[PDB]
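First comes one chain, alone, set out as structure tokens in the form deposited in one PDB entry.
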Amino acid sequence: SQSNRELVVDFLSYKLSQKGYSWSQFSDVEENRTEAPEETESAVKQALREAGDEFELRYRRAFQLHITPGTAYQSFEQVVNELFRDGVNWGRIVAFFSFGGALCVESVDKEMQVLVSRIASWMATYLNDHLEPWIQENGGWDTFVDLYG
């Protein structure tokens, strides 16, 4: 079974690293970074990293939140709730990852880096509670790799 924690940690590690930050500075949860490239989990991680890059590029071409530690949970959950309210698809799942990554990077920039591990928690919880039934019914993360990898 695919760990959603592992995908969150990998994706947020990637987005932080693109801005010069290291995940390990903000959490003691480690990622499995030694698994073979041929493994399905490595393929999922790579597909999600690249899909996030492509999402962020397209978002920037087409398109205030004022995150604070006291409002971050509600702002995260309300955006994610509206994102998925009329349905789930893999592109909206990529958007969910990119949104979390953006919040994390911004949190470190604004001296609110305690939020990095908390955003990661909220993302994994949302995946495990609310996205996992759809993921399982739509061919799992292997199907994501077929479509995006």
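Start at 1 with the first residue shown and count on from there. In this text, rigid core is short for the largest set of C-alphas that superpose within 1.5 Å between two forms.
This next part talks about the form deposited in another entry, which is not shown.
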task: State yes or no: after fitting on the rigid core, is the Cα displacement of residue 9 between this form and the one not shown at least 2 Å?
output: yes
- prompt: Comparing between this form and the one not shown on the rigid core: C-alpha of residue 91 shifted by 2 Å or more?
  reply: no
message: Could you check, with the core superposed, whether the Cα atom of residue 18 shifts 2 Å or more between this form and the one not shown?
response: yes
